[PDB]
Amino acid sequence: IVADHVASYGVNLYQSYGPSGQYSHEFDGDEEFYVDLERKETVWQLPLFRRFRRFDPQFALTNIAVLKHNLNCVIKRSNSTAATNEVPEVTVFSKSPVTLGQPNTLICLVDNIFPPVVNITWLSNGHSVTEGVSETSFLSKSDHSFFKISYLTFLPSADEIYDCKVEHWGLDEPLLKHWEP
C-alpha cells in the first residue's frame, strides 16, 4: 500500500497474559493518544491535541471488550496456538547533543517486541533509576509486532554511566545496552 499519510485510528491490543489491553491512535507512526483503560481517561501526547482534540474513552473500553471476546474464539479455532516470542533489539541514544549541565534525555528504543510484554528499566552506575523514567505505549508496526521507547531525563556529568536493561521472554538473559556518549 502507498500513501502520503497513514493513520491508525484504532490500534486495539488485548493479550491473555495479565490480562492486559491497549487502545491508541497513531498518525505517521507517532502515537496521538492512548486510553488508560483502568482510569477511563484519554491521554493525548501533545499539548496541541489536548486543547483541540477530544476522544471518548468509553469507545476504547467497548472495543477492547470485543477484543476479549474475539480472542477467546480464535484461541479455540486455532487449537490454542500461542504466540511466538521474538528477539527484541535495543538501541540507546540521546535526544540532543549532550552538553554538561544542560538537561537532556536518553532514549532507549526497544524494537521488534512480541508478545507486547516487555520490562524496561534504566541503570546509573549499576544502580536502578526510578526517577525521570518515562515510557511510550506499545507502538504498532506493519509486520504486526511492536516497539517501545523509554526515556530518562538526566544531567550530564563526567562520571556518568547509563545502561538500559530490557527484559523479555525472547531473551535468554536481561539485555544491558550501555549508552556510549
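Throughout, rigid core stands for the largest set of C-alpha atoms superposing within 1.5 Å between the two forms. Residue numbers run from 1 along the displayed sequence.
**Student:** Which of 20-28 and 155-163 lies farther, on average, from the shown form in 4 other deposited structures of this protein once the rigid core is superposed (C-alpha RMS)?
**Tutor:** Between 20-28 and 155-163, greater C-alpha deviation in 4 other deposited structures of this protein belongs to 155-163.
**Student:** Taking RMS over all structures and residues, which stretch has CA atoms farther from the shown form in 4 other deposited structures of this protein, 95-103 or 79-87, after a rigid core fit?
**Tutor:** This comes out as 95-103, the stretch further from the shown form in 4 other deposited structures of this protein.
**Student:** Mind pulling up the entry and telling me whether 60-68 or 152-160 has the higher mean Cα temperature factor?
**Tutor:** Averaged over C-alpha atoms, the B-factors run higher in 152-160.
**Student:** Taking the mean of the C-alpha B-factors per stretch from the entry, tell me the winner out of 40-48 and 127-135.
**Tutor:** On average, C-alpha B-factors are higher across 127-135.
**Student:** Taking the C-alpha B-factors as the PDB entry records them, is residue 171 in the lowest, middle or highest third of its chain?
**Tutor:** CA B-factor rank for residue 171: highest third.
**Student:** Hey, what third does residue 96 fall into on Cα B-factor, ranked over its chain?
**Tutor:** Middle third, going by the recorded CA B-factors of the chain.
**Student:** Give the position of residue 87 by CA B-factor within its chain, expressed as the lowest, middle or highest third.
**Tutor:** For residue 87, whose C-alpha B-factor we compare with every modelled residue in the chain, the answer is the highest third.
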